[PDB]
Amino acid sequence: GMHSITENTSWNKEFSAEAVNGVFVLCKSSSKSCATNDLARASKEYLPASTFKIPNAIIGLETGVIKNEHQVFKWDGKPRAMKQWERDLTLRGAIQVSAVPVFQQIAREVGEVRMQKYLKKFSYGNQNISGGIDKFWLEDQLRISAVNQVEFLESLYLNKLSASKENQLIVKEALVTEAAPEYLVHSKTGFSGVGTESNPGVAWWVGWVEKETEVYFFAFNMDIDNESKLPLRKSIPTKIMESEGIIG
């Protein structure tokens, strides 16, 4: 509830320029002041892909599966699907390089019962974790909208998720992607893949920006059927936020 959202089709400019079907949701201060290029798509649910590392990390910490912020996730030396992952990682490292196999093992250890419990507590999308504990967020039935991502991140920002404050803080530091004296960005990407014939994949960028004493929450997604379009998931939102005087 209490979300107040205004459609502003002038933001479509950055999408049509690139022939992208997508949505940006941007909120100033709180979910009581949000704008989007597309009201319908703002509420449409998509696979979260690696944006699911945010709740997964919090759940891993809450359940004790992740011992504390200093746990090192060791590589067993066996092939992983991206070279970036073939190394020992911190929790922050694993989140920042989107190290799927690290979070797959976290998920397995959390287990279905506890995972379901926390997604209900977090109101995380359709809360559908069916299809395999180590892959549901990448290829099964879990879906969440940009609106819901914004409400979830706002809760995280405020430490109001149903988790310890210290666990929320740990995950928040892990999400910092830009730090300057008066400008701080927390963000996470996701990418489900290129989809299938007439069923595109989804790319995400979600997070929040603290500028001076203001805070802006954001969530972006787009249909994607070609990996070469992937950088648009950051550049389109960056341009919109620049046009609003934010990126700065």
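Note that residue numbering begins at 1 and tracks the sequence as displayed.
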- Comparing 110 to 118 with 155 to 163, which has the greater mean CA B-factor as deposited? 155 to 163
- Item | Higher-scoring stretch by recorded Cα B factor average, 7 to 15 or 232 to 240 | 7 to 15
- Message: According to the Cα B-factor stored in this entry, which of the following is highest: 189, 199, 43, 221?
- Response: 199
- Can you tell me which of 135, 92, 143, 78 has the highest Cα temperature factor in the record? 78
- Place residue 48 in the lowest, middle or highest third of its chain's C-alpha B-factors, as listed in the PDB entry. lowest
- Consider only the C-alpha atoms of the modelled residues in this chain, order them by B-factor as the entry records it, and name the third containing residue 105: lowest, middle or highest. lowest
- Among modelled residues of the same chain, the CA temperature factor third for residue 58: lowest
- Compared with the other modelled residues in the chain, in which third is the CA B-factor of residue 99? lowest
- Among all modelled residues of this chain, ranked by Cα B factor, put residue 64 in the bottom, middle or top third, i.e. lowest, middle or highest. middle
